[PDB]
Each structure stands twice: as C-alpha cells, then as structure tokens.
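Data first, discussion second: the structure below is written as structure tokens.
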Amino acid sequence: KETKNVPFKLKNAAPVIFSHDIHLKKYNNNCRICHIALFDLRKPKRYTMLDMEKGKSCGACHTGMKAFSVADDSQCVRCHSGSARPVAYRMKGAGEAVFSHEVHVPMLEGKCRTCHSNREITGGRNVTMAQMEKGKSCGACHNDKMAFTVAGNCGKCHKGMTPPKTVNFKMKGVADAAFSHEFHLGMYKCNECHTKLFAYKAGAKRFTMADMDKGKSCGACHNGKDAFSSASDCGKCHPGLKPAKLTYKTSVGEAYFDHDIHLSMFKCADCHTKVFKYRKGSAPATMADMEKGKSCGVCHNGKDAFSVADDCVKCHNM
Ligand code: HEC
Ligand code: HEC
Ligand code: HEC
Ligand code: HEC
Ligand code: HEC
Ligand code: HEC
Ligand code: HEC
Ligand code: HEC
Ligand code: HEC
Ligand code: HEC
Ligand code: HEC
Ligand code: HEC
C-alpha cells in the first residue's frame, strides 16, 4: 500500500514524529483502528497531553497496559525525542522573553510533570506580570521563596531590558540631559512609565520641552503638579546649563546680551518660546526686523525698553 511517518508541529519545542513503520509491524496493516475514530484525518484536531490521558489520541493506547503511558513523568522523551528549542516570547512592547528546559530540568530531577501538570504553570495563555506576580506561571516558583521574586531581574528573562543606572540625552545647542533611573525607581514601577511614557528598545520620537507641557515624556509628570515644573529650574535635568551673557557675531562687530540684567525684570516665559529659542542654532534676526518688532525689538522700541534705532553702542562694541 505504501505509507510513512507524519510529524506533529508544536509551537514551542521540537516536533513529535509519529511512526507508521512501527505501529504497522505490530497491528499488521490493519488501518481502520487509528483512523476511524482515534484520528479523524478528514478534519483532525489538536489534543493536549491530558486529552490523551483522558483516552483521546495516543492516550487511547499509551496507557501502560497495551503500550507505555503518556503520564510516566520519566518516559516522555520516548516521543518528545526533541532537540531543544528555547521558548520564544514575542510581546508587542517588551524584550522578547525566553525560557528553556536545558537549564531548568536539572533543578528538580527530570520532573517534567511538576510543571506540565501544575495547571497554574502551563495553564493560561498570554500570561501577564500581574497574573505572574500572584504565583501564576513562572512566578509560580520565582516568587520571593523558591526563587527570586518576579518584581526584578527583568533582563534575566526578557531580551535586554535590565535598566540603566543613569541615562544621557545628547543635545545640540543646549548641552546635556541627565535623568536618573535608580532614583526614579524607588519611587515608581516600570509600567508607570514604560511604554506609554517611554520605550524599551532605543529609538522612538525624541520629544521636545514644548511637547512635555502637552503631557508626554518628562512633562507627563514634571509639570508643576505631580512632579516639579518642566518649565523652569532648568539646572536640574540639564547639568551646568545656565542663562548667561552671550556674544553675537554681527556684520558691524559684536553684540552683547546679558541675561542677568533682564532676569530682574523678566521670567523665561516673557521671552523664550514666543520670542527667543534656546538652541544656539537659531535664525539671525536683522536690525531691520528688530525695528519691525521682532527679536530684541519686541520690547526694544522706545516705548517699553528703548529703540534699536538710537543707542547702538549699548548693545554693540564698535
Ligand atoms: C494503514 C496502513 C494506514 C493508513 C492507510 C493510514 N495510516 Fe495513519 N496516521 C496516524 C497518525 C499519528 C497520523 C497523524 C494524523 C494527524 O496528526 O492528524 C497518521 C496520518 C496518516 C495519513 C497521512 C499520511 C501521510 O503520509 O501524510 C493518512 C492518510 C493515514 N495515516 C493513513 C496513526 C496511524 C496508526 C495508529 C497506530 C495506524 C495503525 C495507521 N496510522 C495506519 C495507517
Ligand atoms: C500518538 C499518535 C502516538 C505517538 C506519539 C506514539 N504512538 Fe504508539 N505504539 C503502539 C504500540 C502497540 C507500540 C509497540 C509496543 C511497545 O513498544 O509498547 C507503540 C510504540 C510506540 C513508540 C515506541 C517505539 C519503539 O519501539 O521504540 C512510540 C514512541 C510511540 N508508540 C508513539 C500503539 C499505539 C496506538 C494504539 C492503537 C496508538 C493510538 C499509538 N500508539 C499512538 C502513538
Ligand atoms: C521534562 C524534561 C519536560 C518535557 C518532556 C517538556 N517540558 Fe516543558 N515547558 C515549560 C513551559 C513554560 C512551556 C511553555 C508553554 C507551552 O508550551 O504550552 C513548556 C513547553 C513544553 C513543550 C511544548 C509546548 C507546546 O505548546 O508545544 C514540551 C513538549 C515540553 N515543555 C516538554 C516548562 C517546563 C517546566 C517547569 C519548570 C519543566 C521543568 C518542563 N517544562 C519540563 C519538561
Ligand atoms: C528650562 C526651560 C529648560 C531648558 C533651558 C531646556 N530644558 Fe530640557 N530636556 C529634557 C529632556 C529629557 C530632553 C531630551 C528630550 C529627548 O531627547 O527627546 C531635553 C531637551 C531639551 C531641548 C530640546 C527639545 C526642545 O526643543 O524642547 C531644549 C531646547 C531644552 N531641553 C531646554 C528634560 C528637561 C527637564 C527634566 C524634567 C527639565 C526641567 C528641562 N528639560 C528644562 C529645560
Ligand atoms: C543702530 C541701527 C544700530 C547699529 C549701528 C547696529 N545695531 Fe545691532 N544688533 C543687535 C543684535 C542682537 C544683533 C544680532 C541679531 C542676530 O544675530 O540675529 C544685531 C545685529 C546688527 C547688524 C546686522 C543686521 C543688519 O545687517 O542690519 C547690524 C548691521 C547692526 N546690528 C548695526 C542688537 C542691537 C541693539 C542692542 C539692544 C541695538 C539698539 C542695535 N543693535 C542697534 C544697532
Ligand atoms: C508520545 C506518545 C508522547 C508521549 C510519550 C508524550 N507526549 Fe506530549 N505530545 C505528543 C503528541 C502527539 C502531542 C500533541 C498532538 C496534538 O494532537 O496536538 C503532544 C503534546 C504535548 C504537549 C502539548 C499539550 C499540553 O501541554 O497541553 C506538551 C506540553 C507535551 N506533549 C508534554 C509532554 C510531557 C511532559 C509528557 C509526559 C507527561 C508527554 N508529553 C509525553 C506525544 C507524546
Ligand atoms: C522571567 C524570569 C521573567 C521575569 C523575571 C519577568 N518577566 Fe515579564 N514576562 C516573562 C514571560 C515569559 C512573559 C510572557 C508571558 C506570556 O504571556 O506567556 C512575560 C511577559 C511580560 C510582559 C507582557 C505582558 C504585559 O504585561 O503586557 C511585560 C509587560 C513584561 N513581561 C514585563 C516585565 C517587567 C516590567 C519585568 C520586571 C520589572 C519582567 N517582565 C520580569 C518573563 C519574565
Ligand atoms: C519613569 C520615571 C520610569 C520608570 C519608573 C522606569 N523607567 Fe526605564 N526609562 C525611563 C526613561 C526616562 C528612560 C530614558 C529614555 C531613553 O530612550 O533612554 C528610560 C530608559 C530605560 C531603558 C533604556 C533604553 C535605552 O536607552 O535603550 C530601559 C531598557 C528601561 N528604562 C528599563 C526600566 C525597567 C526594567 C524599569 C523597572 C525597574 C524601569 N525602566 C522603570 C523612565 C522610567
Ligand atoms: C513621572 C512618572 C516622572 C517621570 C516620567 C520623570 N520624573 Fe523626574 N521626578 C518625578 C518626581 C515624583 C519627582 C518630584 C520632584 C522632586 O522634588 O523630586 C521627580 C524629580 C526629578 C528630579 C529632581 C531633583 C531635585 O529636585 O533635587 C530630576 C533630576 C528629575 N526628576 C529628572 C527627570 C527627567 C529628565 C525625566 C525624563 C527624561 C524625569 N524626571 C521623568 C517624576 C517623574
Ligand atoms: C529676554 C527678556 C530673555 C530673558 C529674560 C531670558 N532669556 Fe534666555 N535668551 C534670550 C535670548 C535673546 C537668547 C538667544 C537668542 C538666540 O536665538 O540666539 C537667550 C538664550 C538662552 C539660552 C541659550 C544660551 C545660553 O545662555 O547658554 C538659554 C540656556 C537661556 N536663554 C535660558 C533662559 C533662562 C533659564 C531664563 C530664565 C531664568 C531666560 N533664558 C531668560 C532672551 C531671554
Ligand atoms: C523686552 C522685555 C526686552 C527684551 C526682549 C530685551 N530687552 Fe534688553 N532690556 C529691556 C529693558 C526694559 C531694559 C532696561 C532699560 C530700559 O530703559 O528699558 C533692558 C536693558 C538692556 C541693556 C542694558 C541697559 C542698561 O544697562 O542700562 C542691554 C545690554 C540690552 N537690554 C540688550 C538686549 C538685547 C541685545 C536684546 C535682544 C537680543 C534684549 N536686550 C532683549 C527689555 C528687553
Ligand atoms: C518552577 C520550579 C519554575 C518555573 C515555573 C519557572 N522557573 Fe525559572 N527557575 C526556577 C528556579 C528555582 C530557578 C533557580 C533559582 C535559584 O537558583 O535559587 C530558576 C532559574 C531561572 C533562570 C536561571 C538562573 C540561574 O542560572 O540560577 C532562568 C533563565 C529562568 N528561571 C527563567 C524562567 C522563565 C522565563 C520562566 C517562565 C517561562 C521560568 N523560569 C519559570 C524555577 C522555575
């Protein structure tokens, strides 16, 4: 008649190869047996180990009597002759998690079933860290007793994760932005932030101070209500940054803008955002403009401060 092997595809480990060439020399070419009921063949199904113990599938001949059991906690490898294949955890928003037998077997004995029978381990699908922090799966063991708690070592199980003590933000025109994880941890839980507020990988939309006031990034908390104002105090997130005495490179010489003199009559709010950006890389306003009303002329126009027109010496060195 001619017929041969058929494998069983398993989403999390080496497949199981059924073998006609065996169960044939035994039953003697009788077919109706496994194919009239045991295995449909027209619209077959996927059975769990249990569904076998309960008689269905291979559990309808591999009891212990006719042929060894699908329950002998030390006679599984008879079928699951597998070649290993660490477990792949792909989550839309976290470091691909991995679990593998080869480093867990030699920790109980060869105990399989301890896990594959413990409905609170191999039960749920798409488990969470909530569900897991309450003993269900993984944290069944890893629960502050048998093994390290699950409220930690995230990099141990997940791909990369493991948080950095201090993070640096490179900036052009400003300086540098320092933020401390350590200190921000003993105050919050991962998901309070990750992912909504920030991501794990290493790219995404590099927000802007302005964006913050909307509710994103540091501004999600730093706004003057929950945490300190994303508006001022600058000397916090940005190290040495300090409003100081600049020096312009102008066609007719040098221009001088002292911050101090102005910061005794004004607040960053007055100028900055609407009138003067911070980044060195701006757009040079012309004295033509400063007369129209723009730049220094927003207030420097005789009525308020004094006009750009006259007194060219005050802001210039010629
Ligand atoms: C008489 C010699 C047999 C014929 C005719 C067929 N089988 Fe089998 N068979 C068994 C299993 C575990 C499967 C898997 C089915 C599933 O996973 O859904 C199969 C598969 C087949 C197929 C496909 C053949 C192929 O080469 O792809 C057909 C059409 C089929 N079988 C015909 C189990 C058993 C079994 C239990 C001991 C016996 C005695 C036989 N099969 C015998 C025959
Ligand atoms: C699910 C489709 C099955 C898997 C997986 C396996 N079988 Fe069977 N099987 C049956 C008998 C009577 C024997 C021979 C006698 C014995 O050694 O106990 C077998 C043997 C196996 C083996 C061992 C092969 C070897 O000689 O080393 C494996 C790994 C195996 N089977 C896997 C009978 C039946 C049967 C009853 C009609 C069914 C439904 C299955 N086997 C199903 C599977
Ligand atoms: C004795 C050495 C063991 C055998 C044989 C197998 N395991 Fe495991 N295993 C564990 C987990 C969390 C999973 C993932 C969830 C799932 O797969 O449903 C697995 C998975 C398997 C699978 C395949 C699963 C599938 O859907 O195809 C097989 C065939 C398998 N395991 C064989 C966890 C554990 C565990 C708890 C600590 C132990 C020690 C073992 N597994 C041991 C065995
Ligand atoms: C006082 C008003 C502040 C000045 C001066 C600036 N900041 Fe910040 N800042 C913060 C972070 C995390 C970054 C990097 C953001 C990212 O990489 O996505 C920065 C960056 C800037 C920039 C560029 C973006 C923009 O145009 O707004 C400028 C010009 C800048 N900062 C000036 C964080 C913080 C923060 C911690 C909560 C505070 C209080 C400040 N920055 C304050 C100011
Ligand atoms: C009487 C009309 C004045 C003469 C002489 C000039 N200025 Fe000024 N000026 C000031 C700043 C901050 C700049 C730099 C602006 C930038 O970098 O975007 C300048 C630049 C110039 C220039 C270039 C513009 C042009 O081509 O016309 C010239 C020619 C120049 N300044 C001549 C600041 C001030 C200021 C301090 C408050 C006053 C009152 C004036 N400038 C007045 C004159
Ligand atoms: C050959 C008869 C097997 C023995 C012996 C054991 N398993 Fe098995 N297993 C086998 C097959 C053919 C299949 C699935 C086919 C299908 O219809 O889907 C499986 C499946 C599993 C599973 C998935 C089921 C579940 O976990 O809910 C696991 C995890 C698995 N097998 C584990 C396992 C263990 C630890 C065994 C001892 C209890 C065991 N299997 C023996 C075939 C065979
Ligand atoms: C292994 C030793 C882990 C530890 C410790 C932590 N997690 Fe975990 N986590 C692990 C696995 C295998 C899974 C998959 C669960 C499943 O559905 O099968 C998870 C899943 C996550 C997820 C995705 C689900 C969700 O909560 O949205 C997240 C958010 C995640 N893990 C986060 C996370 C954090 C924040 C951890 C430490 C602070 C961490 N995990 C530890 C395995 C392990
Ligand atoms: C809110 C105050 C946070 C909490 C609590 C946690 N994290 Fe965090 N994390 C936060 C920020 C502001 C940033 C910087 C953004 C950047 O892209 O650098 C991060 C960054 C990380 C990273 C590094 C990403 C990278 O640079 O490639 C990781 C992987 C990370 N955070 C992990 C992590 C873990 C596991 C936490 C719980 C212990 C945790 N963070 C909490 C802010 C916050
Ligand atoms: C809400 C979830 C926050 C996020 C995300 C960030 N910060 Fe934070 N930060 C938070 C709180 C609860 C406080 C309160 C204010 C206080 O007085 O501590 C803080 C504090 C800081 C500090 C202040 C240091 C000091 O005041 O002496 C720094 C250095 C700081 N935060 C920086 C910072 C940066 C740059 C962040 C985004 C990249 C960031 N924080 C996020 C709450 C939250
Ligand atoms: C006008 C009334 C201002 C006041 C008061 C403050 N700033 Fe200022 N700032 C102003 C100008 C004209 C410029 C540059 C214009 C250009 O586009 O080149 C600046 C620049 C800065 C910068 C970057 C340069 C530097 O000082 O290193 C920073 C860091 C800055 N200003 C910060 C800042 C802060 C902290 C203020 C309030 C406490 C503040 N400025 C007031 C104009 C005005
Ligand atoms: C409106 C809010 C201002 C902006 C924007 C800038 N300046 Fe100003 N400046 C302002 C006032 C009201 C004054 C005080 C004197 C007065 O009669 O109004 C100042 C002063 C100066 C001075 C020195 C004056 C003194 O020492 O007596 C300089 C050096 C000066 N301002 C420079 C300057 C430049 C270059 C500006 C734009 C790049 C600028 N100022 C903006 C009000 C305002
Ligand atoms: C049952 C027992 C479990 C379960 C349900 C999971 N793990 Fe795993 N694991 C367990 C123990 C007690 C240990 C040893 C702890 C100790 O030394 O005290 C481990 C260890 C880990 C490690 C290795 C750490 C080491 O080398 O010591 C990893 C890689 C790990 N566990 C991952 C992991 C994942 C991803 C799980 C969910 C799929 C998981 N374990 C479940 C005990 C058990």
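Simple scheme: letters A, B, ... for chains in structure tokens order, numbers from 1 for residues in each chain, numbers from 1 for ligands in the order shown.
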* Counting only C-alpha atoms and all ligand atoms, name the residues that have an atom within 7 Å of an atom of ligand 11; the answer should be given as a list in words. =>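 These are the residues that qualify: residues 255, 256, 257, 258, 261, 262, 266, 270, 271, 295, 296, 297, 298, 299, 300, 304, 305, 306, 314 and 315 of chain A.
The shell of residues at most 10 Å from residue 75 of chain A, with only C-alpha atoms counted and near chain neighbours (fewer than 6 positions) removed, consists of residues 68, 69, 110 and 112 of chain A.
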Around ligand 1, which protein and nucleic acid residues have at least one atom no more than 7 Å from it, if we count only C-alpha atoms and all ligand atoms? List them as a PDB file with C-alpha atoms, in the first residue's frame.
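Written file, out-v4.pdb:
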ATOM      1  CA  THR A   3       2.658   4.935   3.713  1.00  0.00           C
ATOM      2  CA  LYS A   4       5.112   6.659   6.091  1.00  0.00           C
ATOM      3  CA  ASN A   5       5.848   8.947   9.088  1.00  0.00           C
ATOM      4  CA  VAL A   6       3.835  12.067   9.983  1.00  0.00           C
ATOM      5  CA  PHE A   8       3.331  16.803  14.986  1.00  0.00           C
ATOM      6  CA  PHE A  18       4.628   9.575  14.757  1.00  0.00           C
ATOM      7  CA  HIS A  20       3.663   4.253  10.906  1.00  0.00           C
ATOM      8  CA  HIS A  23       2.657   0.650  14.678  1.00  0.00           C
ATOM      9  CA  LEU A  24       2.270  -1.235  11.437  1.00  0.00           C
ATOM     10  CA  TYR A  27      -1.058  -4.398  14.122  1.00  0.00           C
ATOM     11  CA  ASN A  29      -1.589  -3.406   8.031  1.00  0.00           C
ATOM     12  CA  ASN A  30      -4.905  -3.007   9.789  1.00  0.00           C
ATOM     13  CA  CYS A  31      -5.857   0.606   9.270  1.00  0.00           C
ATOM     14  CA  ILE A  33      -8.179   1.344  14.025  1.00  0.00           C
ATOM     15  CA  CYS A  34      -6.449   4.709  14.490  1.00  0.00           C
ATOM     16  CA  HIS A  35      -8.210   6.305  11.531  1.00  0.00           C
ATOM     17  CA  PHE A  39      -7.523  10.162  14.316  1.00  0.00           C
ATOM     18  CA  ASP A  40     -10.119  11.706  12.006  1.00  0.00           C
ATOM     19  CA  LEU A  41      -7.923  12.504   9.000  1.00  0.00           C
ATOM     20  CA  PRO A  44      -8.401  16.171  12.740  1.00  0.00           C
ATOM     21  CA  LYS A  45      -7.808  18.071  15.985  1.00  0.00           C
TER      22      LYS A  45
END
* **Close residues to ligand 2 using only C-alpha atoms and all ligand atoms, limit 8 Å, as a PyMOL selection string** => chain A and resi 16-19+22-23+26-27+33-34+38+57-62+66-68+78-79
* **Test item: residues lying within 10 Å of ligand 9 with only C-alpha atoms and all ligand atoms, as a VMD selection string** => chain A and resid 167 to 169 177 to 181 183 to 185 187 to 194 196 to 198 207 212 216 to 230 233 to 239
Residue subset to file, keeping N, CA and C atoms, as a short mmCIF file (atom, residue, chain, number, x, y, z; two decimals), in the first residue's frame:
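Generated file (result-v5.cif):
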data_model
loop_
_atom_site.label_atom_id
_atom_site.label_comp_id
_atom_site.auth_asym_id
_atom_site.auth_seq_id
_atom_site.Cartn_x
_atom_site.Cartn_y
_atom_site.Cartn_z
N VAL A 167 20.83 57.64 32.55
CA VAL A 167 20.69 57.78 31.10
C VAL A 167 21.08 59.19 30.68
N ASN A 168 21.71 59.29 29.50
CA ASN A 168 22.15 60.58 28.96
C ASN A 168 21.41 60.94 27.67
N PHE A 169 21.07 62.22 27.53
CA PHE A 169 20.40 62.69 26.32
C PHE A 169 21.36 63.67 25.66
N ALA A 177 21.31 66.30 28.82
CA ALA A 177 20.16 66.00 29.68
C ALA A 177 20.37 64.71 30.48
N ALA A 178 20.55 64.86 31.79
CA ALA A 178 20.76 63.74 32.69
C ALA A 178 19.49 63.38 33.46
N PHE A 179 19.17 62.10 33.47
CA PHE A 179 17.99 61.60 34.17
C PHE A 179 18.45 60.37 34.93
N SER A 180 18.03 60.21 36.18
CA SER A 180 18.45 59.04 36.97
C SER A 180 17.39 57.95 37.19
N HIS A 181 17.63 56.76 36.63
CA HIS A 181 16.69 55.65 36.78
C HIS A 181 16.64 55.21 38.23
N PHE A 183 17.24 56.43 41.14
CA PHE A 183 16.36 57.29 41.91
C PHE A 183 14.92 57.39 41.45
N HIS A 184 14.66 57.20 40.16
CA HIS A 184 13.27 57.29 39.71
C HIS A 184 12.54 55.97 39.90
N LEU A 185 13.27 54.93 40.29
CA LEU A 185 12.67 53.62 40.52
C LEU A 185 12.09 53.48 41.92
N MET A 187 10.58 54.94 43.51
CA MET A 187 9.56 55.95 43.56
C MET A 187 8.45 55.54 42.61
N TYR A 188 8.76 54.64 41.68
CA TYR A 188 7.79 54.17 40.68
C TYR A 188 7.97 52.74 40.20
N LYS A 189 6.98 52.24 39.46
CA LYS A 189 7.05 50.89 38.94
C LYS A 189 7.17 50.98 37.43
N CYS A 190 7.96 50.08 36.84
CA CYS A 190 8.16 50.07 35.40
C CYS A 190 6.99 50.60 34.60
N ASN A 191 5.90 49.84 34.54
CA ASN A 191 4.74 50.26 33.75
C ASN A 191 4.13 51.63 34.06
N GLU A 192 4.58 52.30 35.12
CA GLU A 192 4.04 53.62 35.43
C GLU A 192 4.44 54.48 34.26
N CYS A 193 5.62 54.15 33.74
CA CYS A 193 6.25 54.80 32.60
C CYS A 193 6.15 53.83 31.43
N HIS A 194 7.21 53.06 31.18
CA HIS A 194 7.24 52.09 30.07
C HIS A 194 5.87 51.45 29.86
N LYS A 196 3.96 53.65 27.39
CA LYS A 196 3.27 54.92 27.12
C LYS A 196 4.19 56.14 27.21
N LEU A 197 4.82 56.33 28.37
CA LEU A 197 5.71 57.47 28.57
C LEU A 197 7.04 57.30 27.84
N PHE A 198 7.64 56.11 27.92
CA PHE A 198 8.92 55.86 27.24
C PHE A 198 8.98 54.41 26.75
N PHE A 207 11.08 63.53 22.06
CA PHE A 207 10.23 64.67 22.39
C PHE A 207 10.99 66.00 22.56
N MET A 212 6.45 68.30 26.12
CA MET A 212 6.24 67.95 27.52
C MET A 212 4.97 68.61 28.07
N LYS A 216 3.47 64.51 27.45
CA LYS A 216 4.38 63.42 27.10
C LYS A 216 5.77 63.60 27.71
N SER A 217 6.54 62.51 27.70
CA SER A 217 7.89 62.48 28.26
C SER A 217 7.92 63.08 29.66
N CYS A 218 9.07 63.56 30.09
CA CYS A 218 9.19 64.14 31.41
C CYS A 218 7.99 64.99 31.82
N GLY A 219 7.40 65.67 30.85
CA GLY A 219 6.25 66.51 31.14
C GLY A 219 5.01 65.74 31.58
N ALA A 220 5.04 64.42 31.38
CA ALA A 220 3.92 63.56 31.75
C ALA A 220 3.70 63.65 33.25
N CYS A 221 4.78 63.98 33.96
CA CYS A 221 4.76 64.12 35.41
C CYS A 221 5.27 65.49 35.81
N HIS A 222 6.44 65.85 35.28
CA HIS A 222 7.01 67.15 35.58
C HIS A 222 6.18 68.20 34.87
N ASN A 223 5.39 68.94 35.63
CA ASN A 223 4.52 69.96 35.07
C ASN A 223 4.18 71.01 36.12
N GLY A 224 4.54 70.73 37.37
CA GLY A 224 4.27 71.67 38.45
C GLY A 224 3.18 71.19 39.38
N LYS A 225 2.62 70.03 39.06
CA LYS A 225 1.56 69.43 39.86
C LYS A 225 1.99 68.11 40.52
N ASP A 226 2.27 67.10 39.70
CA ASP A 226 2.69 65.78 40.18
C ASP A 226 4.16 65.77 40.60
N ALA A 227 5.00 66.33 39.72
CA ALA A 227 6.44 66.44 39.95
C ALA A 227 6.81 67.90 39.66
N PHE A 228 8.08 68.27 39.81
CA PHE A 228 8.46 69.66 39.58
C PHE A 228 8.34 70.13 38.13
N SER A 229 8.00 71.41 38.01
CA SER A 229 7.77 72.13 36.75
C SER A 229 8.75 71.91 35.61
N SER A 230 8.26 71.35 34.51
CA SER A 230 9.09 71.11 33.33
C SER A 230 9.44 72.45 32.71
N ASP A 233 13.63 75.96 36.52
CA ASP A 233 14.55 75.26 37.41
C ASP A 233 15.65 74.57 36.61
N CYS A 234 15.51 74.60 35.28
CA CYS A 234 16.44 74.02 34.31
C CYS A 234 17.68 73.34 34.86
N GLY A 235 18.36 74.01 35.79
CA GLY A 235 19.57 73.49 36.40
C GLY A 235 19.46 72.09 36.98
N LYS A 236 18.31 71.45 36.81
CA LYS A 236 18.08 70.10 37.32
C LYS A 236 18.38 69.04 36.26
N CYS A 237 17.47 68.89 35.30
CA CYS A 237 17.66 67.90 34.25
C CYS A 237 18.90 68.19 33.40
N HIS A 238 19.14 69.46 33.11
CA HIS A 238 20.30 69.87 32.31
C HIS A 238 21.37 70.35 33.30
N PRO A 239 22.47 69.60 33.41
CA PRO A 239 23.61 69.87 34.29
C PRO A 239 24.00 71.33 34.53
#
* To do: Would you please give, as a ChimeraX atom specification, all residues of segment 109-280 of chain A that DSSP assigns to alpha helix (DSSP H) based on the backbone?
  => /A:113-116,129-133,154-157,181-185,209-212,259-262
* Once you count only C-alpha atoms and all ligand atoms, which residues end up within 10 Å of ligand 12, and could you hand them over as an NGL selection string? -> :A and (86-89 or 97-108 or 111-112 or 114-116 or 118 or 120-122 or 127 or 132 or 135-150 or 153-158)
* To do: Calculate how many Å separate atom 29 (C, counted along the ligand's line) of ligand 3 from atom CA of residue 46 of chain A, rounding to one decimal.
  =>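 These atoms are spaced 13.4 Å apart.
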Considering only C-alpha atoms and all ligand atoms, tabulate each residue of chain A that lies at most 6 Å from ligand 5 along with its nearest interatomic pair and the corresponding distance in Å to one decimal; arrange the rows by chain and ascending residue number and present them as a Markdown table.
| residue | atom | partner | partner_atom_place_in_ligand_line | distance |
| --- | --- | --- | --- | --- |
| A:248 | CA | ligand 5 | 17 (O) | 5.7 |
| A:250 | CA | ligand 5 | 20 (C) | 5.1 |
| A:251 | CA | ligand 5 | 23 (C) | 5.3 |
| A:252 | CA | ligand 5 | 28 (C) | 5.4 |
| A:255 | CA | ligand 5 | 11 (C) | 5.4 |
| A:284 | CA | ligand 5 | 18 (O) | 2.8 |
| A:285 | CA | ligand 5 | 18 (O) | 3.4 |
| A:286 | CA | ligand 5 | 24 (C) | 4.2 |
| A:287 | CA | ligand 5 | 24 (C) | 4.5 |
| A:288 | CA | ligand 5 | 27 (O) | 5.7 |
| A:307 | CA | ligand 5 | 39 (C) | 5.8 |
| A:308 | CA | ligand 5 | 39 (C) | 3.2 |
| A:309 | CA | ligand 5 | 2 (C) | 4.4 |
| A:310 | CA | ligand 5 | 1 (C) | 5.6 |
| A:311 | CA | ligand 5 | 39 (C) | 5.5 |
| A:312 | CA | ligand 5 | 42 (C) | 3.9 |
| A:315 | CA | ligand 5 | 36 (C) | 3.6 |
* Asked: Among segment 88-197 of chain A, which ones does DSSP place in strand (DSSP E), written as a VMD selection string?
  -> chain A and resid 88 to 91 94 to 99 166 to 170 176 to 180
Would you export the selected residues with N, CA and C atoms as a PDB file, in the first residue's frame, please?
ATOM      1  N   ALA A  88      10.314  30.925  22.777  1.00  0.00           N
ATOM      2  CA  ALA A  88      10.251  32.271  22.248  1.00  0.00           C
ATOM      3  C   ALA A  88       9.066  33.104  22.707  1.00  0.00           C
ATOM      4  N   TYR A  89       9.354  34.185  23.420  1.00  0.00           N
ATOM      5  CA  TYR A  89       8.303  35.084  23.851  1.00  0.00           C
ATOM      6  C   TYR A  89       8.364  36.428  23.126  1.00  0.00           C
ATOM      7  N   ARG A  90       7.403  36.591  22.226  1.00  0.00           N
ATOM      8  CA  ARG A  90       7.261  37.773  21.406  1.00  0.00           C
ATOM      9  C   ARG A  90       6.109  38.641  21.898  1.00  0.00           C
ATOM     10  N   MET A  91       6.436  39.741  22.561  1.00  0.00           N
ATOM     11  CA  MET A  91       5.402  40.640  23.048  1.00  0.00           C
ATOM     12  C   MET A  91       5.489  42.003  22.386  1.00  0.00           C
ATOM     13  N   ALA A  94       7.869  44.757  24.693  1.00  0.00           N
ATOM     14  CA  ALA A  94       8.778  44.230  25.710  1.00  0.00           C
ATOM     15  C   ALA A  94       9.833  43.302  25.117  1.00  0.00           C
ATOM     16  N   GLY A  95      10.970  43.226  25.801  1.00  0.00           N
ATOM     17  CA  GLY A  95      12.079  42.414  25.336  1.00  0.00           C
ATOM     18  C   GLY A  95      11.888  40.918  25.209  1.00  0.00           C
ATOM     19  N   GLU A  96      11.649  40.453  23.980  1.00  0.00           N
ATOM     20  CA  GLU A  96      11.459  39.030  23.683  1.00  0.00           C
ATOM     21  C   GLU A  96      11.951  38.170  24.833  1.00  0.00           C
ATOM     22  N   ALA A  97      11.006  37.519  25.502  1.00  0.00           N
ATOM     23  CA  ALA A  97      11.311  36.683  26.646  1.00  0.00           C
ATOM     24  C   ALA A  97      11.640  35.252  26.259  1.00  0.00           C
ATOM     25  N   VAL A  98      12.546  34.661  27.024  1.00  0.00           N
ATOM     26  CA  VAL A  98      12.980  33.314  26.741  1.00  0.00           C
ATOM     27  C   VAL A  98      13.082  32.397  27.947  1.00  0.00           C
ATOM     28  N   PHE A  99      12.527  31.201  27.785  1.00  0.00           N
ATOM     29  CA  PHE A  99      12.574  30.170  28.805  1.00  0.00           C
ATOM     30  C   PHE A  99      13.025  28.877  28.135  1.00  0.00           C
ATOM     31  N   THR A 166      21.945  55.386  35.046  1.00  0.00           N
ATOM     32  CA  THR A 166      21.772  56.771  34.601  1.00  0.00           C
ATOM     33  C   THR A 166      21.734  56.829  33.083  1.00  0.00           C
ATOM     34  N   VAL A 167      20.833  57.643  32.549  1.00  0.00           N
ATOM     35  CA  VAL A 167      20.695  57.781  31.105  1.00  0.00           C
ATOM     36  C   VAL A 167      21.076  59.186  30.675  1.00  0.00           C
ATOM     37  N   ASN A 168      21.708  59.290  29.505  1.00  0.00           N
ATOM     38  CA  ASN A 168      22.154  60.579  28.956  1.00  0.00           C
ATOM     39  C   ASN A 168      21.411  60.942  27.674  1.00  0.00           C
ATOM     40  N   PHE A 169      21.068  62.217  27.527  1.00  0.00           N
ATOM     41  CA  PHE A 169      20.399  62.686  26.323  1.00  0.00           C
ATOM     42  C   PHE A 169      21.361  63.667  25.662  1.00  0.00           C
ATOM     43  N   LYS A 170      21.759  63.363  24.431  1.00  0.00           N
ATOM     44  CA  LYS A 170      22.681  64.228  23.719  1.00  0.00           C
ATOM     45  C   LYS A 170      21.871  65.373  23.126  1.00  0.00           C
ATOM     46  N   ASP A 176      23.550  68.929  27.742  1.00  0.00           N
ATOM     47  CA  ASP A 176      23.239  67.527  28.009  1.00  0.00           C
ATOM     48  C   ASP A 176      22.084  67.374  28.996  1.00  0.00           C
ATOM     49  N   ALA A 177      21.306  66.302  28.824  1.00  0.00           N
ATOM     50  CA  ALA A 177      20.157  65.997  29.684  1.00  0.00           C
ATOM     51  C   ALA A 177      20.366  64.705  30.483  1.00  0.00           C
ATOM     52  N   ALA A 178      20.549  64.865  31.788  1.00  0.00           N
ATOM     53  CA  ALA A 178      20.760  63.745  32.693  1.00  0.00           C
ATOM     54  C   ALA A 178      19.488  63.384  33.457  1.00  0.00           C
ATOM     55  N   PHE A 179      19.167  62.100  33.471  1.00  0.00           N
ATOM     56  CA  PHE A 179      17.995  61.600  34.173  1.00  0.00           C
ATOM     57  C   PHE A 179      18.446  60.368  34.930  1.00  0.00           C
ATOM     58  N   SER A 180      18.027  60.215  36.182  1.00  0.00           N
ATOM     59  CA  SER A 180      18.448  59.045  36.972  1.00  0.00           C
ATOM     60  C   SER A 180      17.387  57.946  37.193  1.00  0.00           C
TER      61      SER A 180
END
* To do: Grab me every residue within 6 Å of ligand 10, counting only C-alpha atoms and all ligand atoms, and send it over as a PyMOL selection string.
  => chain A and resi 241-244+259+262-263+266-268+271-272+276-280+282
* Asked: How many Å separate atom CA of residue 182 of chain A from atom 42 (C, counted along the ligand's line) of ligand 4?
  ->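 Straight-line distance from atom CA of residue 182 of chain A to atom 42 (C, counted along the ligand's line) of ligand 4 works out to 20.2 Å.
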* Structure fact -> Among A:161, A:72, A:173, A:11, ligand 8 is approached most closely, using only C-alpha atoms and all ligand atoms, by A:161
